[PDB]
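Shown next: start-v2.cif, given as mmCIF, C-alpha atoms.
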data_model
#
loop_
_atom_site.group_PDB
_atom_site.id
_atom_site.type_symbol
_atom_site.label_atom_id
_atom_site.label_comp_id
_atom_site.auth_asym_id
_atom_site.auth_seq_id
_atom_site.Cartn_x
_atom_site.Cartn_y
_atom_site.Cartn_z
ATOM 1 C CA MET A 1 -22.184 -20.643 0.782
ATOM 2 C CA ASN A 2 -24.820 -18.460 2.431
ATOM 3 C CA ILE A 3 -28.606 -18.039 2.762
ATOM 4 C CA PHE A 4 -28.779 -16.031 -0.467
ATOM 5 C CA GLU A 5 -26.845 -18.558 -2.502
ATOM 6 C CA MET A 6 -28.790 -21.349 -0.843
ATOM 7 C CA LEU A 7 -32.214 -19.920 -1.668
ATOM 8 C CA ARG A 8 -31.120 -18.948 -5.202
ATOM 9 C CA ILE A 9 -30.346 -22.581 -5.876
ATOM 10 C CA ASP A 10 -33.597 -23.847 -4.387
ATOM 11 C CA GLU A 11 -35.771 -21.183 -5.979
ATOM 12 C CA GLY A 12 -34.042 -20.519 -9.272
ATOM 13 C CA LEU A 13 -34.510 -17.220 -11.215
ATOM 14 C CA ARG A 14 -37.372 -16.220 -13.514
ATOM 15 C CA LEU A 15 -37.891 -12.720 -14.880
ATOM 16 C CA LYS A 16 -41.398 -13.445 -16.105
ATOM 17 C CA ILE A 17 -44.513 -14.284 -14.125
ATOM 18 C CA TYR A 18 -44.687 -17.978 -13.486
ATOM 19 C CA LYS A 19 -46.569 -20.555 -11.504
ATOM 20 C CA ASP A 20 -44.860 -22.123 -8.491
ATOM 21 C CA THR A 21 -45.065 -25.784 -7.462
ATOM 22 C CA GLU A 22 -48.456 -25.076 -5.963
ATOM 23 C CA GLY A 23 -49.744 -23.344 -9.075
ATOM 24 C CA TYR A 24 -49.502 -19.853 -7.540
ATOM 25 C CA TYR A 25 -48.354 -16.797 -9.452
ATOM 26 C CA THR A 26 -44.740 -16.023 -8.692
ATOM 27 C CA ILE A 27 -41.803 -14.156 -10.149
ATOM 28 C CA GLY A 28 -38.058 -13.577 -9.628
ATOM 29 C CA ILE A 29 -36.419 -15.707 -6.948
ATOM 30 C CA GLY A 30 -39.503 -17.365 -5.512
ATOM 31 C CA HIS A 31 -41.418 -14.154 -4.855
ATOM 32 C CA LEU A 32 -45.011 -15.261 -4.429
ATOM 33 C CA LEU A 33 -47.373 -12.722 -5.857
ATOM 34 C CA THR A 34 -50.813 -13.996 -5.078
ATOM 35 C CA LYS A 35 -52.701 -17.130 -4.249
ATOM 36 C CA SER A 36 -55.496 -15.809 -6.448
ATOM 37 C CA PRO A 37 -56.227 -17.475 -9.798
ATOM 38 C CA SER A 38 -56.229 -14.208 -11.725
ATOM 39 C CA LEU A 39 -53.252 -13.332 -13.839
ATOM 40 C CA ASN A 40 -54.488 -9.794 -13.719
ATOM 41 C CA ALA A 41 -54.449 -9.779 -9.982
ATOM 42 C CA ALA A 42 -50.893 -11.106 -10.091
ATOM 43 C CA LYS A 43 -49.924 -8.347 -12.509
ATOM 44 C CA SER A 44 -51.418 -5.745 -10.153
ATOM 45 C CA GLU A 45 -49.438 -7.117 -7.225
ATOM 46 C CA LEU A 46 -46.304 -7.107 -9.342
ATOM 47 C CA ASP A 47 -46.667 -3.465 -10.396
ATOM 48 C CA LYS A 48 -47.320 -2.556 -6.781
ATOM 49 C CA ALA A 49 -44.219 -4.485 -5.576
ATOM 50 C CA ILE A 50 -41.976 -2.928 -8.239
ATOM 51 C CA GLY A 51 -43.392 0.596 -8.278
ATOM 52 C CA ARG A 52 -44.108 0.595 -12.014
ATOM 53 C CA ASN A 53 -45.944 -0.878 -14.959
ATOM 54 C CA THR A 54 -44.037 -4.123 -15.507
ATOM 55 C CA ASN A 55 -46.345 -6.026 -17.840
ATOM 56 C CA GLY A 56 -45.339 -9.263 -16.094
ATOM 57 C CA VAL A 57 -41.667 -8.767 -16.760
ATOM 58 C CA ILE A 58 -38.923 -7.553 -14.492
ATOM 59 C CA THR A 59 -35.190 -7.014 -14.595
ATOM 60 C CA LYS A 60 -32.507 -9.004 -12.811
ATOM 61 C CA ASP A 61 -31.799 -6.185 -10.421
ATOM 62 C CA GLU A 62 -35.474 -5.881 -9.598
ATOM 63 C CA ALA A 63 -35.647 -9.618 -8.896
ATOM 64 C CA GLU A 64 -32.652 -9.324 -6.614
ATOM 65 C CA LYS A 65 -34.162 -6.371 -4.828
ATOM 66 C CA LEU A 66 -37.365 -8.329 -4.139
ATOM 67 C CA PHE A 67 -35.153 -11.194 -3.056
ATOM 68 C CA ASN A 68 -33.252 -9.138 -0.457
ATOM 69 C CA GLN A 69 -36.528 -7.807 0.908
ATOM 70 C CA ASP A 70 -37.910 -11.293 1.051
ATOM 71 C CA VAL A 71 -34.911 -12.679 2.987
ATOM 72 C CA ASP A 72 -35.037 -9.792 5.368
ATOM 73 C CA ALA A 73 -38.730 -10.418 6.057
ATOM 74 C CA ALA A 74 -38.255 -14.151 6.658
ATOM 75 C CA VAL A 75 -35.682 -13.346 9.324
ATOM 76 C CA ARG A 76 -37.860 -10.694 10.886
ATOM 77 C CA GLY A 77 -40.688 -13.241 10.870
ATOM 78 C CA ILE A 78 -38.456 -15.633 12.828
ATOM 79 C CA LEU A 79 -37.423 -12.958 15.374
ATOM 80 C CA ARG A 80 -41.017 -11.894 16.049
ATOM 81 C CA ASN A 81 -42.240 -15.500 16.496
ATOM 82 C CA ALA A 82 -42.156 -16.855 20.073
ATOM 83 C CA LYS A 83 -41.900 -20.443 18.904
ATOM 84 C CA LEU A 84 -39.296 -19.730 16.246
ATOM 85 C CA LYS A 85 -37.034 -17.263 17.951
ATOM 86 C CA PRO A 86 -35.837 -19.587 20.702
ATOM 87 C CA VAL A 87 -34.929 -22.279 18.163
ATOM 88 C CA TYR A 88 -33.267 -19.984 15.792
ATOM 89 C CA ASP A 89 -31.209 -18.560 18.657
ATOM 90 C CA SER A 90 -30.106 -21.973 19.787
ATOM 91 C CA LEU A 91 -28.739 -22.952 16.321
ATOM 92 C CA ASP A 92 -25.259 -22.584 14.718
ATOM 93 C CA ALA A 93 -24.891 -20.362 11.601
ATOM 94 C CA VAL A 94 -25.457 -23.080 9.019
ATOM 95 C CA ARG A 95 -28.493 -24.509 10.624
ATOM 96 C CA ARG A 96 -30.042 -21.053 10.968
ATOM 97 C CA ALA A 97 -29.908 -20.874 7.233
ATOM 98 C CA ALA A 98 -31.931 -23.996 7.032
ATOM 99 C CA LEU A 99 -34.574 -22.471 9.295
ATOM 100 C CA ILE A 100 -34.733 -19.330 7.183
ATOM 101 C CA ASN A 101 -35.064 -21.466 4.039
ATOM 102 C CA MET A 102 -38.174 -23.217 5.487
ATOM 103 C CA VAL A 103 -39.732 -19.941 6.596
ATOM 104 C CA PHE A 104 -39.054 -18.424 3.208
ATOM 105 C CA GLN A 105 -40.718 -21.350 1.571
ATOM 106 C CA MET A 106 -43.712 -21.919 3.863
ATOM 107 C CA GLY A 107 -44.223 -18.832 6.000
ATOM 108 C CA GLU A 108 -43.642 -18.239 9.687
ATOM 109 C CA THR A 109 -47.002 -19.743 10.428
ATOM 110 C CA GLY A 110 -46.371 -22.916 8.422
ATOM 111 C CA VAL A 111 -43.013 -23.483 10.079
ATOM 112 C CA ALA A 112 -44.250 -22.641 13.579
ATOM 113 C CA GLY A 113 -46.606 -25.614 13.107
ATOM 114 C CA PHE A 114 -43.630 -28.051 13.154
ATOM 115 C CA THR A 115 -43.750 -28.251 16.959
ATOM 116 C CA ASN A 116 -42.144 -31.638 17.492
ATOM 117 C CA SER A 117 -39.339 -31.060 14.978
ATOM 118 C CA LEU A 118 -38.651 -27.602 16.437
ATOM 119 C CA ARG A 119 -38.296 -29.103 19.853
ATOM 120 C CA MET A 120 -35.876 -31.755 18.540
ATOM 121 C CA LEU A 121 -33.876 -29.058 16.823
ATOM 122 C CA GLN A 122 -33.745 -27.060 20.034
ATOM 123 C CA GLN A 123 -32.422 -30.183 21.754
ATOM 124 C CA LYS A 124 -29.871 -30.791 19.041
ATOM 125 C CA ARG A 125 -31.294 -34.234 18.335
ATOM 126 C CA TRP A 126 -30.256 -34.011 14.653
ATOM 127 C CA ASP A 127 -31.021 -37.445 13.373
ATOM 128 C CA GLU A 128 -34.381 -37.547 15.171
ATOM 129 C CA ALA A 129 -35.354 -34.153 13.931
ATOM 130 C CA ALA A 130 -34.573 -35.272 10.367
ATOM 131 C CA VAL A 131 -36.822 -38.244 10.595
ATOM 132 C CA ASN A 132 -39.595 -36.110 12.041
ATOM 133 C CA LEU A 133 -39.173 -33.405 9.490
ATOM 134 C CA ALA A 134 -39.603 -35.903 6.639
ATOM 135 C CA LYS A 135 -43.031 -36.920 7.929
ATOM 136 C CA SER A 136 -44.689 -33.914 6.377
ATOM 137 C CA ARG A 137 -46.631 -32.783 3.425
ATOM 138 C CA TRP A 138 -43.606 -30.575 2.717
ATOM 139 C CA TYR A 139 -41.302 -33.496 2.199
ATOM 140 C CA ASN A 140 -43.799 -35.427 0.135
ATOM 141 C CA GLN A 141 -44.608 -32.482 -2.131
ATOM 142 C CA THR A 142 -41.036 -31.174 -2.661
ATOM 143 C CA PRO A 143 -38.824 -34.085 -1.632
ATOM 144 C CA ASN A 144 -35.631 -32.938 -3.357
ATOM 145 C CA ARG A 145 -35.633 -29.540 -1.796
ATOM 146 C CA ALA A 146 -36.787 -30.879 1.562
ATOM 147 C CA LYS A 147 -33.953 -33.427 1.408
ATOM 148 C CA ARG A 148 -31.292 -30.720 0.965
ATOM 149 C CA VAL A 149 -32.683 -28.709 3.866
ATOM 150 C CA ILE A 150 -33.118 -31.691 6.089
ATOM 151 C CA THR A 151 -29.584 -32.778 5.328
ATOM 152 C CA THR A 152 -28.397 -29.350 6.294
ATOM 153 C CA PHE A 153 -30.140 -29.503 9.643
ATOM 154 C CA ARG A 154 -28.781 -32.970 10.110
ATOM 155 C CA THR A 155 -25.109 -32.267 9.419
ATOM 156 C CA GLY A 156 -24.709 -28.583 10.051
ATOM 157 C CA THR A 157 -22.707 -28.441 6.743
ATOM 158 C CA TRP A 158 -23.451 -27.171 3.170
ATOM 159 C CA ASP A 159 -22.669 -30.564 1.576
ATOM 160 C CA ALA A 160 -26.174 -30.856 0.062
ATOM 161 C CA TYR A 161 -25.485 -27.712 -1.960
ATOM 162 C CA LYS A 162 -22.150 -28.912 -3.233
ATOM 163 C CA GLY A 171 -38.736 -27.902 -5.333
ATOM 164 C CA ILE A 172 -39.715 -24.398 -4.426
ATOM 165 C CA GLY A 173 -42.861 -23.590 -2.533
ATOM 166 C CA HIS A 174 -43.544 -19.977 -1.486
ATOM 167 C CA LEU A 175 -42.224 -16.396 -0.660
ATOM 168 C CA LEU A 176 -44.003 -13.047 -0.112
ATOM 169 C CA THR A 177 -47.258 -11.715 -1.626
ATOM 170 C CA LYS A 178 -51.052 -11.314 -1.790
#

Show me the file's structure as structure tokens.
Amino acid sequence: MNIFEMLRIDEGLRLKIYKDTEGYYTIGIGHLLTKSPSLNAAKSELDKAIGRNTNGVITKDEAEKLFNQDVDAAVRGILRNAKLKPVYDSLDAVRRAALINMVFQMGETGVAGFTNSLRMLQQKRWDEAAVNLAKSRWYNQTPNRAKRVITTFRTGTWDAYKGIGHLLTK
């Protein structure tokens, strides 16, 4: 298992414009398009992202391309963040994946707001971090997904892979 496979499970795959758990226009593998209520706006964003007149529909390859870009950005977001970077650096490979997952879903800003949890993660206080992490709107809104991620942070294994929130756009 890896970050790509992990996120593909959590986010699923849709080739047509859809509304995410928050009611925002999205497409592909959790690629947010816009927080705006206009389908037209979403379509504009889409065309712009793809480089062509899509008409709300994309191909599998296009979805995967957006996906790769999106993963890349989440990581970059982590590396540029002074609160995130140090945590990310302190973690083992599996747990890093969990961090990326969160950032992908809620943005670098959203994640950076989890001060207490981040600290616990930095300290390797797994169980405590898990409890803390669950006391969030995130957990209450998308419990199943949150659970899988939390479990990952807790055990440092992919067991939970043996509920999608956000990811890149206007």

- Message: Take the PyMOL selection byres ((chain A and resi 172-174) around 10), run it mentally on this structure, and tell me the resulting residues as a PyMOL selection string.
- Response: chain A and resi 7+9-12+20-26+29-33+35+102-107+138+141-142+144-146+171+175-177

The selected residues should be written to file as a compact mmCIF listing (two decimals), in the frame of the given file (atoms: C-alpha atoms).
# COMPACT_ATOMS: atom_id res chain seq x y z
CA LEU A 7 -32.21 -19.92 -1.67
CA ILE A 9 -30.35 -22.58 -5.88
CA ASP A 10 -33.60 -23.85 -4.39
CA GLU A 11 -35.77 -21.18 -5.98
CA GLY A 12 -34.04 -20.52 -9.27
CA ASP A 20 -44.86 -22.12 -8.49
CA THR A 21 -45.06 -25.78 -7.46
CA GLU A 22 -48.46 -25.08 -5.96
CA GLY A 23 -49.74 -23.34 -9.07
CA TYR A 24 -49.50 -19.85 -7.54
CA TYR A 25 -48.35 -16.80 -9.45
CA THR A 26 -44.74 -16.02 -8.69
CA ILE A 29 -36.42 -15.71 -6.95
CA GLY A 30 -39.50 -17.36 -5.51
CA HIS A 31 -41.42 -14.15 -4.86
CA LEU A 32 -45.01 -15.26 -4.43
CA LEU A 33 -47.37 -12.72 -5.86
CA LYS A 35 -52.70 -17.13 -4.25
CA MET A 102 -38.17 -23.22 5.49
CA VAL A 103 -39.73 -19.94 6.60
CA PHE A 104 -39.05 -18.42 3.21
CA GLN A 105 -40.72 -21.35 1.57
CA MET A 106 -43.71 -21.92 3.86
CA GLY A 107 -44.22 -18.83 6.00
CA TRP A 138 -43.61 -30.58 2.72
CA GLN A 141 -44.61 -32.48 -2.13
CA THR A 142 -41.04 -31.17 -2.66
CA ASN A 144 -35.63 -32.94 -3.36
CA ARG A 145 -35.63 -29.54 -1.80
CA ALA A 146 -36.79 -30.88 1.56
CA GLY A 171 -38.74 -27.90 -5.33
CA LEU A 175 -42.22 -16.40 -0.66
CA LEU A 176 -44.00 -13.05 -0.11
CA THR A 177 -47.26 -11.72 -1.63

- Looking at A:98, A:123, A:15, A:137, which one is nearest to residue 151 in chain A, with distances taken over only C-alpha atoms? A:98

- Query: What residues come out when you apply the PyMOL selection byres ((chain A and resi 127) around 12) to this file, written as a PyMOL selection string?
  - Reply: chain A and resi 117+120-121+123-126+128-134+150-156

- Message: I'd like the interatomic distance between CA of residue 84 in chain A and CA of residue 136 in chain A, to a tenth of an Å.
- Response: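 CA of residue 84 in chain A sits 18.1 Å away from CA of residue 136 in chain A.
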
- Query: Interatomic distance between CA of residue 77 in chain A and CA of residue 108 in chain A?
  - Reply: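 Interatomic distance, CA of residue 77 in chain A to CA of residue 108 in chain A: 5.9 Å.
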
- Query: What do you get, as a count of residues only, if you spell out every residue that the PyMOL selection byres ((chain A and resi 55) around 10) selects here?
  - Reply: 13

- Query: Pick the closest to residue 6 in chain A from A:96, A:119, A:178, A:135: which is it, counting all atoms listed in the file?
  - Reply: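 Closest to residue 6 in chain A, using all atoms listed in the file: A:96.
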
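Note that CA of residue 81 in chain A and CA of residue 112 in chain A are 8.0 Å apart.
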
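Closest approach to residue 85 in chain A from the set A:34, A:122, A:140, A:101 is made by A:122, with distances taken over only C-alpha atoms.
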
- Residues within 8 Å of range 71-73 of chain A, only C-alpha atoms, excluding chain neighbours under 3 positions, as number ranges by chain: A: 4, 67-68, 76-77, 100, 104

Could you dump the residues just selected with C-alpha atoms as a JSON list (two decimals), keeping the file's coordinate frame?
[["chain", "number", "residue", "atom", "x", "y", "z"],
["A", 4, "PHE", "CA", -28.78, -16.03, -0.47],
["A", 67, "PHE", "CA", -35.15, -11.19, -3.06],
["A", 68, "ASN", "CA", -33.25, -9.14, -0.46],
["A", 76, "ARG", "CA", -37.86, -10.69, 10.89],
["A", 77, "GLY", "CA", -40.69, -13.24, 10.87],
["A", 100, "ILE", "CA", -34.73, -19.33, 7.18],
["A", 104, "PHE", "CA", -39.05, -18.42, 3.21]]

- With all atoms listed in the file as the basis for distance, which of A:1, A:13, A:50, A:93 is at the shortest distance from residue 28 in chain A? A:13

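With all atoms listed in the file as the atoms that count, the minimum distance from residue 64 in chain A to the choices A:27, A:160, A:79, A:87 is reached by A:27.
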
- Closest of A:8, A:95, A:83, A:148 to residue 63 in chain A - atom-to-atom distances counting all atoms listed in the file: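 Counting all atoms listed in the file, the residue closest to residue 63 in chain A is A:8.
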